[PDB]
Amino acid sequence: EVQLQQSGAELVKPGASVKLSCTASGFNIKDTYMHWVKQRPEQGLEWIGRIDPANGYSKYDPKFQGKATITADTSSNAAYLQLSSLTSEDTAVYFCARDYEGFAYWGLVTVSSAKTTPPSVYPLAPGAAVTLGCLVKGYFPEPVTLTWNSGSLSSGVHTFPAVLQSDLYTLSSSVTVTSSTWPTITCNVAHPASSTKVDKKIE
Amino acid sequence: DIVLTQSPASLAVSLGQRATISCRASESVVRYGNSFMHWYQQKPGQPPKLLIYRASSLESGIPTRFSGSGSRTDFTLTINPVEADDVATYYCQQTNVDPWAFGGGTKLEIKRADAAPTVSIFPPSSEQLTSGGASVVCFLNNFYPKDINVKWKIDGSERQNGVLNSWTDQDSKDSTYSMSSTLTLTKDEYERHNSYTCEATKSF
Amino acid sequence: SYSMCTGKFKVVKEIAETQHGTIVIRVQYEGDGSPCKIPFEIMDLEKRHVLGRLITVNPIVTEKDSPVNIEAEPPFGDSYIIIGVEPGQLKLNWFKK
């Protein structure tokens, strides 16, 4: 239908730049307004501004200026943006929207020192011969998609939060499957940043 | 400059009661007769779906569960039939004045019959090449009270070591919470200690 | 082909004020038909009968993912705007000097 689509992820050395991208799919960007919101760990939402494609004009929230600068164009592509002399707090997610009178349809950035390092996943299981799970530890860039079998081992899963020993991460996730007959299982973990999809079966 | 003030910094409503949230703005936010008020719903690591505008709305067809309320810049919203998808921080917005902001928002929480926890404990899966072994993960899978401290009883005086935690917010389907704490050590203090106890309120 | 649509509209851009006279509102439709009408009519404080000349041939719409432009004519002072079968009343005001 109509699909505003932002660009995967990205990371940067403190005091640098980035250039997110919000690719609208079914409407001519010109047609309306487009936004850029911000959201971090727990902090609610903070409006970074709006832009009117047609006449290039655009207003922002005062203290966000020096940083970013929204801009999409009169031509063929999507609505972009970019912050500068970045800090640590700005290390967080950004969204884009379009409808004046209620953002109907919308669309992670990190500031760091040490680069991407594959995570380490070990399946964690026991018994006495249901209740199981699998562990993941020692990765950095903040995203880690964790799936159990396909998505056919769902409505039972418990992906627990990221955990932080400094400038390296750790996480566990349990799919409590009291489900009767172990047999194989598997643990599809996914690390977008160092580009890694792993898997480990069990028992 | 402008302002709005979602009062209930958080709250929790039974499963069948009437929830109600009432935003408030500094000195003004009125434009073209109706106010361009806006209401939303956001869930962890997910896209904030919208649900209201001008206090007389529908959008993206929400079986009428959630409707609007109020008008000079003193407001107040509501979500009567409260349910499972219902856990999120509804944000209060404003598209009248130009430094368009949102508000502090609010956390929802429902009431599940006083639930009693589960059984999940679990060893540091062996790697023929594990560099430590410190992975004494304890699982607690279900319970209603959002509450407190779990212990890690090495037997004798417990270990402060590796003191960490995790909080799975109540998942919509049937209304439960979870807790995940562990214990990061090294391989020096692992093959010295035998019994370990993960105390809430299991073995080896 | 003949339908004044039964849907709910909204402006997604601030009405411009081309001094040439025209106040160009621009709305999007939240409804079901396919290529239908805009109950676009203007009026005073009640449906105080008319005080307003619409300058759009016969404005319409085609699908849901796009906006519908409008440009009308307002003699001045105090006056009102509207759009919509009542369900979802578009009561917009407009001042002028």
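Data block above holds the structure.
Residues numbered from 1 in each chain as written, not as in the entry; some residues may be left out. Chains lettered and ligands numbered in written order. Heavy atoms only, no water.

S.K.: An account of the overall build of chain B is needed here, citing residue identities and associated values.
M.R.: In terms of helices and strands, chain B carries 0 helices and 10 strands. Each helix and strand of chain B, placed in order from N terminus to C terminus, yields the pattern β-β-β-β-β-β-β-β-β-β. For 204 residues, the compact-globule estimate of 2.2 N^0.38 gives 17 Å, and chain B exceeds it by more than 25% at 23 Å. Considering only C-alpha atoms, chain B reaches an extent of 75 × 35 × 30 Å along its principal axes. Across the 204 residues of chain B, 44% fall into the buried class. With the model as given, the accessible surface of chain B reaches about 11200 Å², and the carbon-plus-sulfur share is 49%. Averaged over its 19 positive side-chain charges, chain B has a centre that lies 4 Å from the centre of its 21 negative ones. (Helix = DSSP H or I, 4+ residues; strand = E, 2+ residues; numbered from the N terminus. Rg over C-alpha atoms; globule rule 2.2 N^0.38 Å. Buried < 20%, exposed > 50% of the residue type's maximum accessible area, 1.4 Å probe, protein only. Areas by Shrake-Rupley, 256 points an atom, 1.4 Å probe, with all protein chains shown as cover. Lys, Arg positive; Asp, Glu negative; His and termini not counted. Charge placed at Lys NZ, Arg CZ, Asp CG, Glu CD.)

S.K.: How would you explain the pattern of salt bridges if you had to name every residue and give the values?
M.R.: Throughout the structure, instances matching the rule amount to 18 salt bridges over all chains. For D74 of chain B, the salt bridge identified is with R72 of chain B, shortest N-O distance 3.3 Å. Shared partners join several salt bridges into a network, and the residues in it are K38, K67 and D90 of chain A. (Salt bridge = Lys/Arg side-chain N within 4 Å of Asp/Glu carboxyl O.)

S.K.: Can you explain the nonpolar core? Please cite residues and give values.
M.R.: One recurring pattern in soluble globular proteins is that nonpolar side chains are buried together. Ranked by internal contacts, the top residues of the largest apolar core, which has 39 residues, are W106 of chain A, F102 of chain B together with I25, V27 and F40 of chain C. Listed by contribution, the elements that provide at least two residues to this core are strand 1 (8-11), strand 2 (26-30) and strand 8 (92-95) of chain C. Membership of the second largest hydrophobic core comes to 24 residues, among which are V18, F27, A79 and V109 of chain A. (Core = buried A, V, L, I, M, F, W, Y, C linked by side-chain atoms within 4.5 Å.)

S.K.: Describe the interface of chain C and chain A, and please don't skip the residues or the numbers.
M.R.: Between chain C and chain A, the residue contacts involve 8 residues of the former and 14 residues of the latter. Considering only the surface of chain C that becomes buried against chain A, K10, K13 and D65 of chain C emerge as the three largest contributors, covering 54% of it. Linking chain C to chain A there are 1 salt bridge. With a closest N to O distance of 3.6 Å, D99 of chain A and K10 of chain C form a salt bridge. For the pair chain C and chain A, the interface holds 7 residue pairs in polar contact. (Contact = heavy atoms within 4.5 Å. Buried area = accessible area lost by both parts, 1.4 Å probe. Polar contact = N/O pair within 3.5 Å; in protein donor to acceptor, adjacent residues only side chain to side chain.)

S.K.: How would you explain the sheet that holds strand 7 (residues 93-95) of chain A if you had to name every residue and give the values?
M.R.: Residues and elements named next belong to chain A. Within the open sheet, the 3 strands sit side by side as 5-4-7. Their pairing is antiparallel. Each edge of the open sheet is held by one strand with a lone partner, namely strand 5 (46-51) and strand 7. When the angles between neighbouring strand axes are averaged without regard to direction, this sheet yields 20°. When strand 4 (residues 34-39) meets strand 5, the two strands line up antiparallel, connected through 5 bridges. Looking at the pairing, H35 lines up with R50 of strand 5. (Pairing = 2+ DSSP bridges. Axes fitted to C-alpha atoms, helices over the stretch in contact; angles between N-to-C directions.)

S.K.: Before we move on, can you summarise the side chain of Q42 of chain B with the specific residues and values?
M.R.: Considering the arrangement of structural elements, one finds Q42 of chain B in the loop between strand 2 (37-41) and strand 3 (49-53). Residue classification places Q42 of chain B among the buried residues on the basis of a relative accessible area of 8%. Reaching out from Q42 of chain B, the side chain makes a polar contact with the side chain of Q39 of chain A at a distance of 2.7 Å.

S.K.: How would you summarise the interface of chain B and chain A if you had to cite specific residues and measurements?
M.R.: Tallying the contact residues gives 40 residues for chain B and 42 residues for chain A. Each partner contributes to the roughly 3400 Å² buried at the junction of chain B and chain A, and carbon and sulfur atoms together form 61% of this total. It is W100, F102 and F122 of chain B that lose the most area in chain B upon contact with chain A, and together they represent 18% of the buried surface on that side. At the boundary of chain B and chain A, one finds 3 salt bridges. Linking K59 of chain A and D98 of chain B is a salt bridge whose minimum nitrogen-to-oxygen distance equals 3.7 Å. Between the two partners, chain B and chain A, sit 10 residue pairs in polar contact. If you list the elements that add at least two residues to the side of chain B that touches chain A, you get strand 2, strand 3, strand 6 (138-143), strand 8 (167-171) and strand 9 (176-181) of chain B.

S.K.: How would you summarise the side chain of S125 of chain B if you had to cite specific residues and measurements?
M.R.: Looking at the secondary structure, you find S125 of chain B in the loop between strand 5 (92-94) and strand 6. The exposure class assigned to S125 of chain B is buried, which follows from its relative accessible area of 16%. Side-chain polar atoms of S125 of chain B contact the backbone oxygen of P123 of chain A, separated by 2.4 Å. Discounting residues that sit within four places of it in the chain, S125 of chain B has contacts with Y122, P123, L124 and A125 of chain A together with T130 and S135 of chain B.

S.K.: Which residues make up the sheet that holds strand 1 of chain C, and what values go with them?
M.R.: Pairing in this open sheet of 3 strands is antiparallel, and the strands run 1-2-5 (chain C) from one edge to the other. Looking along the sheet, the strands with just one partner apiece sit at the ends: strand 1 and strand 5 (68-69) of chain C.

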